[PDB]
Asker: 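Got a structure for you, written out below as structure tokens; questions coming shortly.
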Amino acid sequence: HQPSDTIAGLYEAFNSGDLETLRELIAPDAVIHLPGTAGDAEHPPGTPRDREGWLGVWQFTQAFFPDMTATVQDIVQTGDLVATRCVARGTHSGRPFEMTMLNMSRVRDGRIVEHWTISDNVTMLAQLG
Amino acid sequence: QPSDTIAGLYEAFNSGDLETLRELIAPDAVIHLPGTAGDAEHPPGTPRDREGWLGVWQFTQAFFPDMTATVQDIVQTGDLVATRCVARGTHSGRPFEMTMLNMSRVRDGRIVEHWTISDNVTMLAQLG
């Protein structure tokens, strides 16, 4: 049950802003598949990022939603693959939101080497405006 | 096994097999669809039942008639199965590949709870 612990540790580390732990738990050359909403001028929607590309997108999103946190609701493991359902909770200008996130991660030697994630952005927008 | 149920579900969606879909999904299943599947009558974040889900899926089938969903990775622990799928098709001569992530609870060989989200923005970018 080591891969499960890695992924639980990842979301803890994102919530705390713990860069050191993030960089231990994610390989520098990990293949990170972010959703099309994270697409931009240099990286069109289908294009994988590396670790620091992912942490860059995370930091941008944190600037807009400084109190956003992720809590793991379900976790399943088979071999080196871990899938998770999380709920991202925050407020925008004092109005609370709850958004589902689904993730799939490959873990090797206690580090993330591949990750897919998608968030329910439309449901979150509906709750705010 | 729960893995077999979920593999059978995506086969049945690909073939348009309503009878098998209704065998594999309980009528009272709790289906958490993304906000994109929200509607005037069903606001975003409201769960649907089976027939609500099959209603949304039938619209999506009619809109992308050559789209298929293929299970790429599947993980199982107890009654929970998560899957990563790729939805592939050519729509009006433009090819597309979009990731889908799903999580299902299976009980007595039927889906009783399901969460799904698709990478719609990536798909739209590939078509326009």
Side-chain angles (χ1 to χ4, degrees), chain A residues 3-8 10-11 33-35 70-89 98-107 112 114-124, chain B residues 2-14 21 24-38 44-50 52-54 56-57 60 69-87 98-106 108-120 122:
Chain A
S4 290
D5 298 318
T6 302
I7 302 297
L10 176 84
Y11 290 109
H33 304 277
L34 296 181
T71 302
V72 177
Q73 312 285 88
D74 273 321
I75 187 157
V76 290
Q77 187 193 298
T78 288
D80 65 340
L81 279 172
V82 185
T84 48
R85 178 168 67 84
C86 301
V87 70
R89 297 205 171 85
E98 267 195 325
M99 156 167 97
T100 297
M101 321 171 30
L102 295 177
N103 317 286
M104 170 87 64
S105 311
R106 194 175 301 278
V107 179
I112 295 174
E114 201 159 16
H115 188 77
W116 295 262
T117 185
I118 313 179
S119 289
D120 194 6
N121 299 124
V122 177
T123 294
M124 193 192 70
Chain B
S3 290
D4 296 314
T5 301
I6 302 297
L9 177 83
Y10 291 107
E11 265 177 310
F13 278 128
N14 285 337
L21 287 166
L24 300 178
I25 311 163
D28 58 330
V30 176
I31 311 301
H32 304 276
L33 295 178
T36 58
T46 311
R48 301 297 285 283
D49 58 25
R50 181 183 76 194
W53 183 18
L54 298 187
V56 168
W57 169 73
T60 301
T70 303
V71 179
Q72 302 298 307
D73 277 319
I74 185 158
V75 292
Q76 186 195 299
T77 288
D79 65 341
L80 279 172
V81 185
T83 48
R84 178 174 65 82
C85 302
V86 175
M98 86 152 174
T99 299
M100 320 177 24
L101 294 178
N102 317 286
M103 195 182 272
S104 311
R105 194 175 302 279
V106 179
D108 291 346
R110 304 187 94 189
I111 295 176
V112 298
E113 199 158 16
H114 188 77
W115 296 263
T116 184
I117 312 180
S118 292
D119 194 6
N120 297 124
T122 294

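So that the names make sense, note that chain A is the first sequence line, chain B the second, and so on, each numbered from 1.
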Asker: What pairs with B:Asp49 under side-chain hydrogen bond (donor to acceptor under 3.5 Å, both in side chains), at least two apart in sequence or on another chain?
Answerer: none

Asker: Would you call the rings of B:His114 and B:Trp53 parallel, tilted or perpendicular, taking 30° and 60° as the class edges?
Answerer: parallel

Asker: Considering all heavy atoms of both residues, which atom of B:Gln76 and which atom of B:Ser3 are nearest to each other, and what is their separation?
Answerer: OE1-OG, 2.6 Å

Asker: Parallel, tilted or perpendicular, judged at 30° and 60°: which one describes the rings of A:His33 and A:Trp116?
Answerer: parallel

Asker: Check B:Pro27 against B:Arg110 and note the closest heavy-atom contact, atom names and distance.
Answerer: CD-NH1, 3.6 Å

Asker: Go through it in stages, so that I can follow the logic: the residues are A:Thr100 and A:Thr123, the test is side chain to side chain contact (heavy atoms under 4.5 Å, CB included), and I'd like the CA-CA distance, side-chain angles, deciding distance and then a yes or no.
Answerer: CA-CA 8 Å; A:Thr100 297; A:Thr123 294; over 6 Å; no

Asker: Please lay out, stage by stage, how A:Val122 and B:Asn120 fare under the test side chain to side chain contact (heavy atoms under 4.5 Å, CB included).
Answerer: CA-CA 11 Å; A:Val122 177; B:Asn120 297 124; over 6 Å; no

Asker: Side-chain contact test, heavy atoms from C-beta onward, threshold under 4.5 Å: evaluate it for B:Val71 versus B:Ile6 and give yes or no.
Answerer: no

Asker: Go through the structure and list residues passing salt bridge (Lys or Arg N to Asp or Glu O under 4.0 Å) with B:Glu11, not counting sequence neighbours.
Answerer: none

Asker: Of all residues at least two apart in sequence or in a different chain, which pass the side-chain contact (heavy atoms from CB on, under 4.5 Å) check with A:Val76?
Answerer: A:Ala83, B:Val75, B:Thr77, B:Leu80, B:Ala82, B:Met103

Asker: Of all heavy-atom pairs between B:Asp119 and A:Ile118, which one has the smallest distance, and what is that distance?
Answerer: N-CD1, 3.8 Å

Asker: How far apart are the closest heavy atoms of B:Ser118 and B:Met100, and which atoms are they?
Answerer: OG-CG, 3.6 Å

Asker: What is the distance from atom CG of B:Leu9 to atom CG of B:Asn14, rounded to the nearest 0.5 Å?
Answerer: 9.5 Å

Asker: Answer whether the closest heavy-atom distance between the side chains of B:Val30 and B:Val112 falls below 4.5 Å.
Answerer: no

Asker: Just to verify, what does A:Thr117 make a side-chain hydrogen bond (donor to acceptor under 3.5 Å, both in side chains) with, not counting sequence neighbours?
Answerer: A:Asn103

Asker: Determine, stepwise, if the pair A:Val82 / A:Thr6 fulfils side chain to side chain contact (heavy atoms under 4.5 Å, CB included).
Answerer: CA-CA 9 Å; A:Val82 185; A:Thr6 302; over 6 Å; no

Asker: With sequence neighbours left out, write down each residue that passes side-chain contact (heavy atoms from CB on, under 4.5 Å) with B:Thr46, or none if nothing qualifies.
Answerer: B:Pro43

Asker: For A:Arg85, what residues pass the salt bridge (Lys or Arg N to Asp or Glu O under 4.0 Å) criterion, not counting sequence neighbours?
Answerer: A:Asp74

Asker: For B:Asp79 and B:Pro2, indicate whether the former's side chain and the latter's backbone hold a donor-acceptor pair under 3.5 Å.
Answerer: no

Asker: Calculate, to the nearest 0.5 Å, the distance between atoms CD1 and CZ belonging to B:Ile25 and B:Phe13 respectively.
Answerer: 4.5 Å

